[PDB]
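Below is the file start_8.txt, which contains compact mmCIF, C-alpha atoms and all ligand atoms.
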```
# COMPACT_ATOMS: atom_id res chain seq x y z
CA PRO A 1 -50.97 -15.26 3.03
CA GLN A 2 -50.98 -17.30 -0.19
CA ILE A 3 -49.56 -15.03 -2.90
CA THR A 4 -49.62 -15.12 -6.72
CA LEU A 5 -46.73 -14.72 -9.15
CA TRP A 6 -48.55 -13.18 -12.12
CA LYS A 7 -47.04 -9.97 -10.72
CA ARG A 8 -43.78 -9.51 -8.81
CA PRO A 9 -44.20 -10.47 -5.17
CA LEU A 10 -43.58 -7.01 -3.71
CA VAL A 11 -44.45 -6.43 -0.07
CA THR A 12 -44.05 -3.61 2.44
CA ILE A 13 -41.27 -4.12 5.00
CA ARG A 14 -40.40 -2.09 8.10
CA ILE A 15 -36.80 -1.41 9.06
CA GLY A 16 -35.81 1.23 11.65
CA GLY A 17 -39.26 2.71 11.13
CA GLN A 18 -38.42 3.06 7.45
CA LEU A 19 -41.23 1.85 5.20
CA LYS A 20 -39.84 0.14 2.10
CA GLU A 21 -41.10 -1.98 -0.78
CA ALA A 22 -39.22 -5.27 -1.16
CA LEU A 23 -39.27 -8.36 -3.40
CA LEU A 24 -39.88 -11.84 -1.92
CA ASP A 25 -37.12 -13.79 -3.69
CA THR A 26 -36.66 -17.57 -3.55
CA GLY A 27 -33.70 -17.15 -5.92
CA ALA A 28 -31.80 -15.01 -3.41
CA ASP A 29 -29.50 -16.55 -0.78
CA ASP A 30 -29.27 -13.18 0.96
CA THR A 31 -31.39 -10.14 1.80
CA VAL A 32 -30.19 -6.99 0.06
CA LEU A 33 -31.59 -3.52 0.53
CA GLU A 34 -30.87 -0.33 -1.34
CA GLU A 35 -28.60 2.25 0.20
CA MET A 36 -29.48 3.31 3.74
CA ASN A 37 -27.70 4.04 6.99
CA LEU A 38 -27.96 1.30 9.57
CA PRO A 39 -26.24 1.62 12.96
CA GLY A 40 -23.58 -0.81 14.17
CA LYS A 41 -20.54 -2.62 12.82
CA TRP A 42 -20.74 -4.06 9.33
CA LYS A 43 -18.34 -6.04 7.17
CA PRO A 44 -17.64 -5.54 3.45
CA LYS A 45 -19.05 -8.25 1.19
CA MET A 46 -19.65 -8.92 -2.48
CA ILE A 47 -22.77 -10.57 -3.81
CA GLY A 48 -23.71 -11.53 -7.35
CA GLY A 49 -26.45 -12.39 -9.78
CA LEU A 50 -26.56 -11.91 -13.55
CA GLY A 51 -24.52 -9.00 -14.86
CA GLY A 52 -21.84 -9.16 -12.16
CA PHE A 53 -21.30 -8.61 -8.43
CA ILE A 54 -21.82 -5.61 -6.18
CA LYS A 55 -20.06 -4.53 -3.00
CA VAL A 56 -22.35 -4.29 0.02
CA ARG A 57 -22.19 -3.71 3.77
CA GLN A 58 -23.21 -6.67 5.94
CA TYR A 59 -25.18 -5.85 9.08
CA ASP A 60 -26.01 -8.70 11.43
CA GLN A 61 -28.97 -9.09 13.80
CA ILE A 62 -31.10 -6.39 12.18
CA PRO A 63 -34.80 -6.47 12.98
CA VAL A 64 -37.15 -6.28 9.99
CA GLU A 65 -40.97 -6.42 9.80
CA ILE A 66 -42.31 -8.33 6.77
CA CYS A 67 -46.12 -8.24 6.49
CA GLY A 68 -46.68 -8.31 10.26
CA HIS A 69 -43.87 -10.79 10.83
CA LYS A 70 -41.03 -9.61 13.06
CA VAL A 71 -37.73 -11.31 12.12
CA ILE A 72 -34.12 -10.48 12.90
CA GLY A 73 -31.10 -11.49 10.81
CA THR A 74 -28.45 -10.50 8.28
CA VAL A 75 -29.11 -7.52 5.99
CA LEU A 76 -26.85 -6.50 3.11
CA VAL A 77 -26.91 -2.85 2.04
CA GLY A 78 -25.69 -1.65 -1.35
CA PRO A 79 -26.39 -0.76 -4.98
CA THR A 80 -29.22 -3.21 -5.63
CA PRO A 81 -31.79 -2.05 -8.23
CA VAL A 82 -34.51 -3.13 -5.77
CA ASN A 83 -34.95 -4.28 -2.15
CA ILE A 84 -34.78 -8.07 -1.89
CA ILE A 85 -35.85 -10.44 0.88
CA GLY A 86 -33.80 -13.58 0.33
CA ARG A 87 -34.09 -16.99 1.91
CA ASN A 88 -32.45 -16.09 5.23
CA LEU A 89 -35.50 -13.96 6.06
CA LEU A 90 -38.09 -15.96 4.09
CA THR A 91 -37.16 -18.99 6.18
CA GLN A 92 -37.64 -17.00 9.39
CA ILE A 93 -41.31 -16.39 8.51
CA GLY A 94 -42.02 -20.00 7.47
CA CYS A 95 -42.42 -18.91 3.85
CA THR A 96 -42.72 -21.78 1.37
CA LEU A 97 -43.11 -22.15 -2.39
CA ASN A 98 -46.23 -24.17 -3.19
CA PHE A 99 -47.69 -25.83 -6.30
CA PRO B 1 -45.04 -29.65 -3.28
CA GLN B 2 -44.61 -27.28 -0.33
CA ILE B 3 -40.98 -26.25 -0.80
CA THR B 4 -39.09 -24.83 2.18
CA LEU B 5 -36.43 -22.22 1.46
CA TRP B 6 -33.97 -23.51 3.99
CA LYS B 7 -31.95 -24.47 0.86
CA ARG B 8 -32.05 -23.28 -2.77
CA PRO B 9 -35.24 -24.49 -4.51
CA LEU B 10 -33.47 -26.50 -7.23
CA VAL B 11 -35.59 -28.82 -9.36
CA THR B 12 -35.27 -30.88 -12.56
CA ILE B 13 -36.41 -29.31 -15.82
CA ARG B 14 -36.72 -31.09 -19.18
CA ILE B 15 -36.30 -29.07 -22.34
CA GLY B 16 -36.24 -30.95 -25.65
CA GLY B 17 -34.77 -34.19 -24.32
CA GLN B 18 -32.22 -32.27 -22.22
CA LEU B 19 -32.50 -32.66 -18.45
CA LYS B 20 -31.18 -29.72 -16.44
CA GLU B 21 -31.05 -28.42 -12.87
CA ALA B 22 -32.86 -25.09 -12.38
CA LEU B 23 -33.77 -22.66 -9.59
CA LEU B 24 -37.38 -21.73 -8.80
CA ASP B 25 -37.02 -17.94 -8.76
CA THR B 26 -39.82 -15.62 -7.63
CA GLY B 27 -37.34 -12.74 -7.95
CA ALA B 28 -37.09 -13.34 -11.72
CA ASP B 29 -39.63 -11.89 -14.14
CA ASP B 30 -38.21 -14.17 -16.82
CA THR B 31 -36.94 -17.68 -17.29
CA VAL B 32 -33.24 -17.67 -18.23
CA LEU B 33 -31.29 -20.79 -19.18
CA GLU B 34 -27.56 -21.20 -19.69
CA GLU B 35 -26.17 -21.47 -23.22
CA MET B 36 -27.90 -24.03 -25.37
CA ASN B 37 -29.23 -24.31 -28.90
CA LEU B 38 -32.98 -24.04 -29.26
CA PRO B 39 -35.02 -24.48 -32.42
CA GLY B 40 -36.94 -21.59 -33.95
CA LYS B 41 -36.54 -17.88 -34.51
CA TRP B 42 -35.34 -15.61 -31.71
CA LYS B 43 -35.22 -11.93 -30.78
CA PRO B 44 -32.44 -10.24 -28.77
CA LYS B 45 -33.48 -8.88 -25.40
CA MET B 46 -31.59 -7.22 -22.60
CA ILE B 47 -32.33 -8.35 -19.05
CA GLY B 48 -31.16 -6.74 -15.80
CA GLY B 49 -29.72 -8.59 -12.84
CA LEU B 50 -28.14 -7.31 -9.66
CA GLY B 51 -24.82 -6.40 -11.36
CA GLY B 52 -26.26 -4.89 -14.53
CA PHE B 53 -27.59 -6.20 -17.82
CA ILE B 54 -26.87 -9.17 -20.04
CA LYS B 55 -27.99 -9.69 -23.62
CA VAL B 56 -29.97 -12.86 -24.25
CA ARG B 57 -31.80 -14.58 -27.09
CA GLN B 58 -35.58 -14.79 -26.66
CA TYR B 59 -37.29 -18.01 -27.79
CA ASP B 60 -41.07 -18.05 -27.78
CA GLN B 61 -43.44 -20.92 -27.09
CA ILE B 62 -40.81 -23.36 -25.91
CA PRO B 63 -42.19 -26.44 -24.22
CA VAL B 64 -40.50 -27.01 -20.85
CA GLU B 65 -41.25 -29.62 -18.17
CA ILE B 66 -40.92 -28.59 -14.51
CA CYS B 67 -41.22 -31.45 -11.99
CA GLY B 68 -43.34 -33.23 -14.60
CA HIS B 69 -45.51 -30.19 -15.11
CA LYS B 70 -45.79 -29.52 -18.82
CA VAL B 71 -45.43 -25.84 -19.56
CA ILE B 72 -45.01 -23.70 -22.70
CA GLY B 73 -43.68 -20.17 -22.75
CA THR B 74 -40.83 -17.76 -23.30
CA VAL B 75 -37.30 -18.95 -22.61
CA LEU B 76 -34.30 -16.60 -22.62
CA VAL B 77 -30.88 -18.10 -23.31
CA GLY B 78 -27.55 -16.53 -22.40
CA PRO B 79 -24.82 -15.96 -19.85
CA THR B 80 -26.49 -16.94 -16.60
CA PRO B 81 -24.57 -18.87 -13.92
CA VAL B 82 -27.67 -20.95 -13.22
CA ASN B 83 -30.83 -22.09 -15.00
CA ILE B 84 -33.56 -19.74 -13.73
CA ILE B 85 -37.29 -20.57 -13.69
CA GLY B 86 -38.95 -17.14 -13.46
CA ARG B 87 -42.49 -16.04 -12.84
CA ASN B 88 -43.64 -16.51 -16.43
CA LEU B 89 -43.33 -20.31 -15.94
CA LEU B 90 -43.97 -20.37 -12.16
CA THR B 91 -47.40 -18.94 -12.80
CA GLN B 92 -48.00 -21.70 -15.35
CA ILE B 93 -47.48 -24.46 -12.76
CA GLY B 94 -49.81 -22.65 -10.31
CA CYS B 95 -46.98 -21.62 -8.01
CA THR B 96 -47.61 -19.40 -4.98
CA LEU B 97 -45.59 -18.04 -2.08
CA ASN B 98 -47.13 -19.11 1.26
CA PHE B 99 -46.39 -17.82 4.77
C1 LIG C 101 -25.94 -17.03 -4.75
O1 LIG C 101 -26.30 -15.86 -5.49
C2 LIG C 101 -27.59 -15.25 -5.28
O2 LIG C 101 -28.41 -15.84 -4.59
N1 LIG C 101 -27.79 -14.07 -5.85
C3 LIG C 101 -29.03 -13.32 -5.75
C4 LIG C 101 -29.57 -13.11 -7.14
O3 LIG C 101 -29.04 -12.31 -7.89
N2 LIG C 101 -30.60 -13.87 -7.51
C5 LIG C 101 -31.21 -13.88 -8.83
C6 LIG C 101 -31.01 -15.29 -9.40
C7 LIG C 101 -29.56 -15.73 -9.39
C8 LIG C 101 -29.11 -16.70 -8.50
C9 LIG C 101 -27.78 -17.12 -8.49
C10 LIG C 101 -26.87 -16.57 -9.38
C11 LIG C 101 -27.31 -15.61 -10.29
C12 LIG C 101 -28.64 -15.19 -10.29
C13 LIG C 101 -32.69 -13.51 -8.72
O4 LIG C 101 -33.42 -14.30 -7.82
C14 LIG C 101 -32.91 -12.08 -8.25
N3 LIG C 101 -32.45 -11.23 -9.35
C15 LIG C 101 -32.00 -9.92 -8.90
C16 LIG C 101 -32.83 -8.76 -9.39
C17 LIG C 101 -34.08 -8.72 -9.19
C18 LIG C 101 -34.75 -7.82 -9.59
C19 LIG C 101 -34.28 -6.83 -10.22
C20 LIG C 101 -35.22 -5.73 -10.63
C21 LIG C 101 -34.83 -4.73 -11.52
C22 LIG C 101 -35.73 -3.73 -11.86
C23 LIG C 101 -37.00 -3.74 -11.30
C24 LIG C 101 -37.34 -4.73 -10.39
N4 LIG C 101 -36.46 -5.70 -10.08
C25 LIG C 101 -32.97 -6.74 -10.46
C26 LIG C 101 -32.23 -7.75 -10.03
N5 LIG C 101 -33.28 -11.25 -10.39
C27 LIG C 101 -32.81 -11.16 -11.63
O5 LIG C 101 -31.60 -11.06 -11.80
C28 LIG C 101 -33.84 -11.18 -12.74
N6 LIG C 101 -34.24 -9.84 -13.12
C29 LIG C 101 -35.49 -9.39 -13.14
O6 LIG C 101 -36.47 -10.08 -12.90
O7 LIG C 101 -35.60 -7.97 -13.40
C30 LIG C 101 -36.82 -7.25 -13.56
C31 LIG C 101 -33.45 -11.95 -14.00
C32 LIG C 101 -32.97 -13.34 -13.61
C33 LIG C 101 -34.70 -12.15 -14.87
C34 LIG C 101 -32.40 -11.18 -14.81
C35 LIG C 101 -28.86 -12.08 -4.84
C36 LIG C 101 -27.65 -11.20 -5.21
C37 LIG C 101 -30.14 -11.24 -4.98
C38 LIG C 101 -28.70 -12.53 -3.38
```
In structure tokens, how does this file's structure come out?
Amino acid sequence: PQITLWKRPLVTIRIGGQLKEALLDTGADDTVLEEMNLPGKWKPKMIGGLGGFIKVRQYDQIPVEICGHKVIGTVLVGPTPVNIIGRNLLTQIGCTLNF
Amino acid sequence: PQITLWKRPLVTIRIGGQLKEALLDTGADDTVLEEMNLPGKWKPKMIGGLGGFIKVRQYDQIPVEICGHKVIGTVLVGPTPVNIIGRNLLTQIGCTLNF
């Protein structure tokens, strides 16, 4: 859909049959989700915004469902205040910014 | 434009004769610029990124130009790595997320 920015662009995502609320974020290189167990090998990583960096676990080739759109790619898991769909996944659903 | 997210959505902003590079950021409630002097009164705010909070100075009714779109609103100044155009000014240019 075409979506407004008068409110935060929160959408429902599906991961491992977990239902979660996540932010569509054009200012995020990566996708970062709050703490959750995902199966498989992961590598340690740090990511940062304002305020400093956080340590996360990097899971590759994770399926996610974003508003009826089934993508698979890299998911970071760690102490993020909120679930964040960054450009790696936004790209996979043909999401653009428009004005 | 219809901006793909295959790269970071970096654009030119003009603020008081200063040209700057800034990131179109749907994950940001607020617009946050790196350290600069701005005219007028200001209030301290605290804003929260991924790593925690920073203190900024809030300037109200600051004219800003985004891709030659003339906009006026709240601009926060402080220790950000990158000039961030948040939703307060993205809504002013009629910006939507499309997928
Ligand atoms: C290359 O680095 C990045 O891309 N960093 C990303 C990042 O932090 N992006 C920032 C912008 C940014 C880019 C590059 C360097 C530094 C910062 C934002 O897109 C997402 N970010 C991360 C973030 C987003 C939301 C929230 C949040 C908190 C409480 C409730 C809802 N959301 C917290 C952190 N948002 C905020 O930090 C904003 N915060 C905000 O809008 O808070 C209400 C600010 C900006 C206004 C402070 C991620 C770690 C998410 C991948």
Sort by chain and increasing residue number a table of all residues of chain A within 8 Å of chain B, each with its closest pair of atoms and their distance in Å to one decimal, counting only C-alpha atoms, and write it as a Markdown table.
```
| residue | atom | partner | partner_atom | distance |
| --- | --- | --- | --- | --- |
| A:1 | CA | B:99 | CA | 5.5 |
| A:2 | CA | B:98 | CA | 4.5 |
| A:3 | CA | B:97 | CA | 5.0 |
| A:4 | CA | B:96 | CA | 5.0 |
| A:5 | CA | B:91 | CA | 5.6 |
| A:6 | CA | B:91 | CA | 5.9 |
| A:7 | CA | B:87 | CA | 7.9 |
| A:8 | CA | B:29 | CA | 7.2 |
| A:9 | CA | B:26 | CA | 7.2 |
| A:23 | CA | B:27 | CA | 6.6 |
| A:24 | CA | B:27 | CA | 6.6 |
| A:25 | CA | B:27 | CA | 4.4 |
| A:26 | CA | B:25 | CA | 5.2 |
| A:27 | CA | B:25 | CA | 4.4 |
| A:28 | CA | B:27 | CA | 7.5 |
| A:29 | CA | B:8 | CA | 7.5 |
| A:48 | CA | B:50 | CA | 6.5 |
| A:49 | CA | B:50 | CA | 5.4 |
| A:50 | CA | B:49 | CA | 4.6 |
| A:51 | CA | B:51 | CA | 4.4 |
| A:52 | CA | B:51 | CA | 4.1 |
| A:53 | CA | B:51 | CA | 5.1 |
| A:54 | CA | B:51 | CA | 6.0 |
| A:80 | CA | B:50 | CA | 5.8 |
| A:81 | CA | B:50 | CA | 6.6 |
| A:87 | CA | B:5 | CA | 5.7 |
| A:88 | CA | B:6 | CA | 7.7 |
| A:90 | CA | B:5 | CA | 7.0 |
| A:91 | CA | B:5 | CA | 5.8 |
| A:93 | CA | B:99 | CA | 6.5 |
| A:94 | CA | B:99 | CA | 5.6 |
| A:95 | CA | B:99 | CA | 4.2 |
| A:96 | CA | B:4 | CA | 4.8 |
| A:97 | CA | B:97 | CA | 4.8 |
| A:98 | CA | B:2 | CA | 4.5 |
| A:99 | CA | B:95 | CA | 4.6 |
```
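Distances here use only C-alpha atoms and all ligand atoms; by that measure, the residue among B:12, B:64, B:57, B:30 closest to ligand LIG 101 (chain C) is B:30.
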* **Exercise: residue B:67 partners within 9 Å, all atoms listed in the file, chain neighbours under 6 positions left out, as a PyMOL selection string** => chain B and resi 11-14
Centre and edge lengths, as JSON, for the axis-aligned box enclosing every listed atom of ligand LIG 101 (chain C) with 3 Å of padding on each of the six sides, in Å to one decimal?
```
{"center_x": -31.6, "center_y": -10.4, "center_z": -9.1, "size_x": 17.4, "size_y": 19.4, "size_z": 17.5}
```
* **Residue among B:41, B:33, B:69, B:60 lying closest to ligand LIG 101 (chain C), counting only C-alpha atoms and all ligand atoms** =>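 Once distances to ligand LIG 101 (chain C) are computed over only C-alpha atoms and all ligand atoms, the minimum belongs to B:33.
Atom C15 of ligand LIG 101 (chain C) lies 22.2 Å from atom CA of residue A:42.
Between atom CA of residue A:70 and atom CA of residue A:43 there is a distance of 23.7 Å.
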* Which one of B:36, B:22, B:15, B:77 sits closest to residue B:59 if you count all atoms listed in the file? ->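 Distance minimum relative to residue B:59 lands on B:77.
When only C-alpha atoms and all ligand atoms are used to measure the gap to ligand LIG 101 (chain C), the shortest distance among B:83, B:63, B:37, B:16 belongs to B:83.
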* In Å, with one decimal, what is the gap from atom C2 of ligand LIG 101 (chain C) to atom CA of residue B:68? ->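 Straight-line distance from atom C2 of ligand LIG 101 (chain C) to atom CA of residue B:68 works out to 25.7 Å.
Among the candidates A:75, A:38, A:46, A:56, the residue lying nearest to residue A:17 is A:38 (atoms considered: all atoms listed in the file).
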* Pick out the closest residue to residue B:78 from this set: B:66, B:31, B:39, B:61. Count only C-alpha atoms. =>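 Closest residue, counting only C-alpha atoms: B:31.
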Please supply stretch 42-58 of chain A, rebuilt with N, CA and C atoms, as a CSV table (one decimal), in the coordinates of the input.
```
chain,number,residue,atom,x,y,z
A,42,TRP,N,-20.4,-3.3,10.5
A,42,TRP,CA,-20.7,-4.1,9.3
A,42,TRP,C,-19.4,-4.5,8.7
A,43,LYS,N,-19.5,-5.6,7.9
A,43,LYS,CA,-18.3,-6.0,7.2
A,43,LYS,C,-18.6,-5.9,5.7
A,44,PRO,N,-17.5,-5.6,4.9
A,44,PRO,CA,-17.6,-5.5,3.4
A,44,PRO,C,-17.9,-6.9,2.9
A,45,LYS,N,-18.8,-7.0,1.9
A,45,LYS,CA,-19.0,-8.2,1.2
A,45,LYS,C,-19.4,-8.0,-0.3
A,46,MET,N,-19.2,-9.0,-1.1
A,46,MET,CA,-19.6,-8.9,-2.5
A,46,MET,C,-20.8,-9.9,-2.6
A,47,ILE,N,-21.8,-9.6,-3.4
A,47,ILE,CA,-22.8,-10.6,-3.8
A,47,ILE,C,-23.1,-10.5,-5.3
A,48,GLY,N,-23.5,-11.6,-5.9
A,48,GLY,CA,-23.7,-11.5,-7.4
A,48,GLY,C,-24.9,-12.2,-7.9
A,49,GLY,N,-25.4,-11.7,-9.0
A,49,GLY,CA,-26.4,-12.4,-9.8
A,49,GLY,C,-26.0,-12.4,-11.2
A,50,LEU,N,-26.9,-12.1,-12.2
A,50,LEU,CA,-26.6,-11.9,-13.6
A,50,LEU,C,-26.1,-10.5,-13.7
A,51,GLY,N,-25.1,-10.3,-14.6
A,51,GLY,CA,-24.5,-9.0,-14.9
A,51,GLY,C,-23.3,-8.7,-14.1
A,52,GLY,N,-23.0,-9.4,-13.0
A,52,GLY,CA,-21.8,-9.2,-12.2
A,52,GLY,C,-22.2,-9.1,-10.7
A,53,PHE,N,-21.2,-8.7,-9.9
A,53,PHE,CA,-21.3,-8.6,-8.4
A,53,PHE,C,-21.4,-7.2,-8.0
A,54,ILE,N,-21.9,-6.9,-6.8
A,54,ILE,CA,-21.8,-5.6,-6.2
A,54,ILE,C,-21.2,-5.7,-4.8
A,55,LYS,N,-20.6,-4.6,-4.3
A,55,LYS,CA,-20.1,-4.5,-3.0
A,55,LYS,C,-21.2,-4.0,-2.1
A,56,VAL,N,-21.3,-4.6,-0.9
A,56,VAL,CA,-22.4,-4.3,0.0
A,56,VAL,C,-21.8,-4.2,1.4
A,57,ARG,N,-22.5,-3.7,2.4
A,57,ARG,CA,-22.2,-3.7,3.8
A,57,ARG,C,-23.1,-4.8,4.4
A,58,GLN,N,-22.5,-5.6,5.2
A,58,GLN,CA,-23.2,-6.7,5.9
A,58,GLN,C,-23.5,-6.3,7.4
```
